[PDB]
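# Any chance you can model this:
(2 chains, ligands or ions: 4)
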Protein chains: 2
Amino acid sequence: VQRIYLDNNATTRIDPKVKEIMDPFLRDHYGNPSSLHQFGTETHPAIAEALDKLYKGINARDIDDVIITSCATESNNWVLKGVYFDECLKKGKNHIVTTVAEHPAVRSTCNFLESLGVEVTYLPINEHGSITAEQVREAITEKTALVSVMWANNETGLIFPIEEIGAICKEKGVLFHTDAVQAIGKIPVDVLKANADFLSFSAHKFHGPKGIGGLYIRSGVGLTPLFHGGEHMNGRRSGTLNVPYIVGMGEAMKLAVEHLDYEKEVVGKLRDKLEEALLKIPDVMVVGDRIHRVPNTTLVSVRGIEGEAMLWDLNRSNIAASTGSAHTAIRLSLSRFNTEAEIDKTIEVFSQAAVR
Amino acid sequence: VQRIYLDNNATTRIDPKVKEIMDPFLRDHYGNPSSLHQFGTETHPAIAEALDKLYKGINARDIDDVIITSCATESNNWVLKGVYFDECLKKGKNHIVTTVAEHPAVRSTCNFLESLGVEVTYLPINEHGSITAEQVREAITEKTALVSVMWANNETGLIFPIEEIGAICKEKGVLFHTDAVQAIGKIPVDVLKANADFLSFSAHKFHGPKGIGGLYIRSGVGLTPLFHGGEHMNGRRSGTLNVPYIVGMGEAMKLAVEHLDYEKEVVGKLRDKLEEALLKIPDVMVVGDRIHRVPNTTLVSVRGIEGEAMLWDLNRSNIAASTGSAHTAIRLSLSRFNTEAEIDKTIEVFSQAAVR
Ligand SMILES: Cc1ncc(COP(=O)(O)O)c(/C=N/[C@H](C(=O)O)C(C)(C)S)c1O
Ligand SMILES: Cc1ncc(COP(=O)(O)O)c(/C=N/[C@H](C(=O)O)C(C)(C)S)c1O
Ligand SMILES: [Cl-]
Ligand SMILES: [Cl-]
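Numbering: from 1, shown residues only, chains lettered A, B, ... in the order given. Ligands and ions are numbered 1, 2, ... in the order given. Take a look:
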């Protein structure tokens, strides 16, 4: 069998250099970074270079934290539950603004915050398929604790106006969090440009293992731990370090940014080649704006064919894709690993499956 | 160089069968278990057998959860913060009882719960080096939400009276949590015998990777998520599955129990061989009871030599050990991998370092 992988917004294959760089921490360099003996101290240099690559990747500065969590889900839960006690209960600012595009755990966590009496404004998504920065302006009551807006949407591919929201946030003096999880590797990420207080990512969406992610925290800005115990990550997230994954995510991050041009030049081009052809066949439209999108994603609907049905069929010809809602549409999410071969084939296999 | 590893209460070497069983999930079986296509569905059987081994290892029953977390630290934070909203705020039972032996994150989390007005009784540790079940009895105000007692202590090796506390808890109708993290692999664990509502473990203390652990939850008993998003682990802990680690921890668990006799027969014997000799040289006593201890741990003090100083020196001769308080003492924590060779050598190297 020869399968075609087109589900990268949902997870990605660990890069071989990533797989390789981790291996020695699964073999012989197994000690606890916290221990003082040689087995501990050995791990130090490689953790440090890993972390370096992480800050380097998002343009964090030496005085900021990028804390290693066990996934973006953890990161996001930690921001929202954190600013709840720090700013909603204690500073009394009982409002958080966010969007409806936000992945479940963000929405879901907010939901639970309402259950404890938080006022949460869930910004509606427009016909262009986006949010506009001006919308965010409109919703910041000065008793607002936090704005949270995803950097790009995992369905549409659609990049939101993050740098602008950073401004609005700076100006209005409110805390800014962006879930960047579908931006890393797809387009450049600059926390500095973003006036982000808080930024989230998950390793597995840029060719690292599943089971690790990060939260960037701006220097000075504070966030009551979601994992108390305070023994690791300057006390901000206790619990023993996942050395292998950290070292991996480091490399993953590094490589992800190095391929940033290739993502735009080649992967985006492969996305347009796929999207062109598909769009040509009868009553098949792309959901949302086609202009401000991460390079690798396209979300198509075929009038009359349920998306769940299209996916089932595609699976049978060994092509892996997912569903985004619009009823439901097909989510085709490329990586640096797809070639034109696989694209051509996909267009063939799509079309034939369509008419049936 | 030929190094001797004696720090297993602080982390352990990933077993080669563990390392091996994971490898294909880092190579080619990389899909998201949640996806519906083949890349997702492939992972299913191996996750299932992994989970099987986990329940099998702690004697959980089909109707209980064993939820995959990203470490015991996560597990413990989740129990304590969970029962806080479920039983302290909502059912109004504003008391949690626990011990002073409990690892940091447990104590530390409780600490934060006091900051929100929880009444927490931190049971003192006796001269025998333990807790007595009767102590727990004494402290259960009927407005008590939870008792939390570690199964064995990570310093002394000392097993606490867990089955008895299970009784006391059942009788008094209060919620029971045991942090078992230093029991798995060292002695048999039975959640059933323990009338445990909640049980914690971390993979890396029994030859799995760091970065994964579990929380056992009894059927019916509920626990507001610490990771909202509700997409995974019957909604109880959202966030994408760390397939490799799960599959690994599975094997790790399996093997850990299979070696349970060998732990008692051989590793305990190696511990006594080491402990005997060390104890013989001038003014060196073992901290706490020597009788109800996990087989692999010994915690010695040498009057007049600081422990931190002994460790430094030992490190130089490529022997890795840690410190437990008593001022401070030496924590020597064996695994199934140590041989008599390494033990004899340790006694030599210890003694010589002592006189200096
Ligand atoms: C923007 C964004 N943020 C966080 C996540 C979750 O990553 P993780 O589950 O590994 O912590 C995701 C994962 N998204 C999956 C998807 O694209 O299908 C999910 C929405 C099912 S979690 C995401 O898209
Ligand atoms: C009983 C017990 N429970 C949980 C932990 C923490 O495991 P983890 O950091 O991997 O989540 C530990 C880890 N103990 C380390 C030790 O033995 O030195 C620690 C106390 C530094 S965290 C533990 O002993
Ligand atoms: Cl919290
Ligand atoms: Cl919570």
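# Which parts of the stretch 201-350 of chain A are strands?
Secondary structure of the stretch 201-350 of chain A by DSSP state E, counting those that start in this stretch: the strands cover A:213-217, A:284-286, A:297-302, A:319-320, A:322-325, A:328-333.
# Tabulate these (a markdown table), appending mean neighbour count and distance to residue A:248.
For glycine as for every other residue, the C-beta is placed from the backbone atoms N, C-alpha and C. Output for the strands of the stretch 201-350 of chain A, formatted as a markdown table (neighbours: other C-beta atoms under 10 Å in any protein chain shown; distance: least, C-beta to C-beta, whole Å):
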| stretch | mean neighbour count | distance to residue A:248 |
| --- | --- | --- |
| strand A:213-217 | 27 | 12 |
| strand A:284-286 | 17 | 34 |
| strand A:297-302 | 24 | 24 |
| strand A:319-320 | 24 | 23 |
| strand A:322-325 | 20 | 24 |
| strand A:328-333 | 25 | 21 |
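# Could you dump these into TSV and include distance to ligand 1?
Below are these laid out as TSV (distance: least, C-beta to the nearest ligand atom, whole Å):
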stretch	distance to ligand 1
strand A:213-217	6
strand A:284-286	18
strand A:297-302	10
strand A:319-320	13
strand A:322-325	6
strand A:328-333	8
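# of all the ones you listed, which lies closest to ligand 4?
Minimum separation from ligand 4 across those (C-beta to the ion) falls at strand A:213-217, 16.8 Å.
# For that closest one, name the packing helices and strands.
strand A:65-69, helix A:72-83, strand A:198-202 (3 or more C-beta pairs under 8 Å, 6 or more residues apart in numbering or on different chains; DSSP states H and E).
# Now that strand - C-alpha only, PDB.
The C-alpha coordinates for strand A:213-217 follow below in PDB (Å, rounded to 0.1, in the frame of the first residue of the first chain):
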ATOM      1  CA  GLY A 213       3.300  22.000  24.100                       C
ATOM      2  CA  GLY A 214       4.200  25.400  25.400                       C
ATOM      3  CA  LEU A 215       2.900  28.500  27.100                       C
ATOM      4  CA  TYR A 216       4.800  31.700  26.400                       C
ATOM      5  CA  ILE A 217       4.400  34.200  29.300                       C
END
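# That one versus helix A:72-83: what angle between them?
Here the directions of strand A:213-217 and helix A:72-83 differ by 30 degrees (axes from the mean of the first three to the mean of the last three C-alpha atoms, to 10 degrees).
# List the contacts of strand A:213-217.
A:54, A:58, A:60, A:64-75, A:78-79, A:181, A:191, A:196-203, A:223, A:236-237, A:249 (C-beta atoms under 8 Å, 6 or more residues apart in numbering or on different chains).
# Distance from that strand to the middle of the chain?
With C-alpha atoms, centre = their mean, to the nearest Å as the basis, strand A:213-217 stands 11 Å off its chain's centre.
# So what are the sheet partners of it and their directions?
Paired with strand A:213-217 in the same sheet, following DSSP bridges, are strand A:65-69 (antiparallel), strand A:198-202 (antiparallel).
# surely residue A:147 meets residue A:179?
No. Counting by C-beta atoms under 8 Å, residue A:147 does not reach residue A:179; the two are 11.7 Å apart.
# Looks like residue A:326 contacts residue A:301 (just checking).
Yes. With contacts counted by C-beta under 8 Å, residue A:326 reaches residue A:301, the gap being 5.0 Å.
# who's in contact with residue A:26?
Shown in contact with residue A:26 (C-beta under 8 Å, 6+ apart): A:244, B:14, B:19, B:22, B:209.
# Can you add mean neighbour count and distance to ligand 1 and give the helices and strands packed on strand A:213-217 back as TSV?
Supplementary listing: the helices and strands packed on strand A:213-217 in TSV, determined by neighbours: other C-beta atoms under 10 Å in any protein chain shown; distance: least, C-beta to the nearest ligand atom, whole Å:
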stretch	mean neighbour count	distance to ligand 1
strand A:65-69	24	8
helix A:72-83	28	3
strand A:198-202	30	4
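# Which among the ones you listed is found nearest to residue B:317?
Of all the helices and strands packed on strand A:213-217, strand A:65-69 sits nearest to residue B:317, with 32.8 Å by C-beta to C-beta.
# what does the closest one contact?
Applying C-beta under 8 Å, 6+ apart, the set of residues contacting strand A:65-69 is A:51, A:54-55, A:58, A:60, A:75, A:78, A:212-217, A:219, A:233-234, A:236-237, A:241-242, A:246, A:249, B:70.
# and if you look at stretch A:342-356?
A:4, A:6, A:270, A:273-274, A:277-278, A:281, A:284, A:302, A:305, A:310, A:313-314, A:317, A:319, A:332.
# Then stretch A:184-196?
Contacts for stretch A:184-196 (C-beta under 8 Å, 6+ apart): A:57-61, A:64, A:151-152, A:159, A:162-163, A:166-167, A:169-170, A:176-178, A:180, A:183, A:199, A:201, A:205-207, A:216, A:218, A:253, A:256-257, A:259-260, A:263-264, A:294-297.
# Would you tell me which residues of the stretch 51-200 of chain A are close to ligand 1?
By the rule C-beta under 6 Å from any ligand atom, the part of the stretch 51-200 of chain A lying against ligand 1 is A:71-73, A:103-104, A:150, A:154, A:179, A:181-182.
# PyMOL command for the buried members of these?
Burial among these is assessed by 16 or more other C-beta atoms under 10 Å in any protein chain shown; the matching PyMOL selection reads:
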select buried, chain A and resi 71+72+73+103+104+150+154+179+181+182
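# now the farthest one out in chain A, which residue is it?
residue A:37 (36.7 Å; C-alpha atoms, centre = their mean).
# Leaving out chain neighbours, which residue sits closest to that one?
With sequence-adjacent residues excluded and distances taken as C-beta to C-beta, 6 or more residues apart in numbering or on different chains, residue A:37 is closest to residue B:320, at 4.1 Å.
# residue contacts, the one you found?
Counting by C-beta under 8 Å, 6+ apart, residue B:320 has contacts A:31, A:35, A:37-39, B:3-7, B:314.
# Let me see the contact set for the nearest residue to residue A:3 once chain neighbours are set aside.
Residue nearest to residue A:3 in three dimensions, not counting chain neighbours: residue A:318, with 4.1 Å by C-beta to C-beta, 6+ apart. Counting by C-beta under 8 Å, 6+ apart, residue A:318 makes contact with A:1-4, B:38.
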